[PDB]
Number of protein chains: 2
Amino acid sequence: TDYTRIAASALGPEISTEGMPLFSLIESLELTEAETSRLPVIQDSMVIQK
Amino acid sequence: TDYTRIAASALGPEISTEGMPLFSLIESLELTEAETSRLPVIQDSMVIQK
């Protein structure tokens, strides 16, 4: 039942950020500046369904 | 060959900010609020050509 999650703010719904944080991908995958800008977009698509 | 540059982040391309930084214009021009807002926009328009 337990899991980590970004608390609900006033500007966005629930955010998962469960495991393998998306920040560590830049170092280990060596993305260009084009792929880097896409990380925040896919960050906000991790919504929890009930 | 050498020149100053804002490092290419994950959400934006190379930014020049070569000389005479834009924030120094506030003191030496006394711009109003309708022109201080434009400064970030023209800051992001200094893309390096290759």
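As summarised from the PDB record, the model derives from cryo-EM at a stated resolution of 3.7 Å.

As recorded in the PDB entry, chain A goes by VP3 and comes from Scylla serrata reovirus SZ-2007. For this structure, the PDB entry title reads "3.4 Angstrom cryoEM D5 reconstruction of mud crab reovirus".

### Quick word on the relation of the copies chain A and chain B
Superposing chain A onto chain B takes a rotation of 120° plus a shift of 0.8 Å along the axis, which leaves an RMSD of 0.3 Å. Both copies are brought into coincidence by an operation consistent with a three-fold rotation axis. No C-alpha of chain A approaches the rotation axis more nearly than that of A:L11, which lies at 11 Å.

### Side note on the interface of chain A and chain B
As a measure of interface size, the accessible area lost when the parts come together is often cited. The interface of chain A with chain B comprises 5 residues on the first partner and 6 residues on the second. Of the roughly 330 Å² buried between chain A and chain B on both sides combined, carbon and sulfur atoms contribute 70%. Of all residues in chain A, A:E33, A:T36 and A:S37 bury the most surface against chain B, accounting for 93% of the area lost on that side. Inspection of the region where chain A meets chain B yields 0 salt bridges. Linking chain A with chain B are 1 residue pair in polar contact, by the criterion used here. The element contributing the most residues to the side of chain A that touches chain B is helix 2 (residues 33-43) of chain A, with 4 residues. Considered class by class, the residues forming the side of chain A that touches chain B number 1 nonpolar, 2 polar and 2 charged.

Thresholds, definitions, all that
Residues numbered from 1 in each chain as written, not as in the entry; some residues may be left out. Chains lettered and ligands numbered in written order. Part of a larger assembly, values for the part shown. Heavy atoms only, no water. Least-squares fit on C-alpha atoms. Contact = heavy atoms within 4.5 Å. Buried area = accessible area lost by both parts, 1.4 Å probe. Salt bridge = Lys/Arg side-chain N within 4 Å of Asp/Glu carboxyl O. Polar contact = N/O pair within 3.5 Å; in protein donor to acceptor, adjacent residues only side chain to side chain. Helix = DSSP H or I, 4+ residues; strand = E, 2+ residues; numbered from the N terminus. Nonpolar A, V, L, I, M, F, W, Y, C, P; charged D, E, K, R; others polar.

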